[PDB]
């Protein structure tokens, strides 16, 4: 589908996220061309899985306690599409409720940005 760009209406999508730590979950995620890596809420991971340490830069400066890093690949499926997007590693938001589809996933699904 063609998704219009609107400052008042964020470009969201419903995507099934398989973290391979629990059961695959359909969540609402922001489509983000500014993001390099995909951000997945920590609420989808099991309580006993190890996550790597890292630091990420953003608006309110950088941080090292806000984001973590997956130990296992994350599979992401789109609404009617059936083959999953395979991300070797992706960011994990441990504080807020953040689901962000980055360019890493937007590449495998042939996603592009068009300017008339």
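Numbering follows the first chain given and starts at 1. Heads up, when I say rigid core I mean the largest set of C-alphas that superpose within 1.5 Å between the two forms.
(request) Superpose on the core, then say which of 31-39 and 77-85 ends up with the larger RMS Cα offset from this form in 7 other deposited structures of this protein. (result) It is 77-85 whose C-alphas lie farther from the shown form in 7 other deposited structures of this protein.
(request) After fitting on the rigid core, pick out whichever of 90-98 or 5-13 shows the bigger RMS C-alpha deviation in 7 other deposited structures of this protein. (result) Once the core is superposed, the stretch further away in 7 other deposited structures of this protein is 90-98.
(message) Using only C-alpha atoms and the B-factors in the entry, which stretch averages higher, 32-40 or 58-66?
(response) Mean C-alpha B-factor is greater for 58-66.
(message) Averaging CA B factors per stretch from the PDB record, which one is higher: 77-85 or 48-56?
(response) Per the PDB entry, the higher value belongs to 48-56.
(request) Sort 107, 20, 96, 16 by C-alpha B-factor from the entry and give me just the highest. (result) Comparing C-alpha B-factors across 107, 20, 96, 16, the maximum falls on 96.
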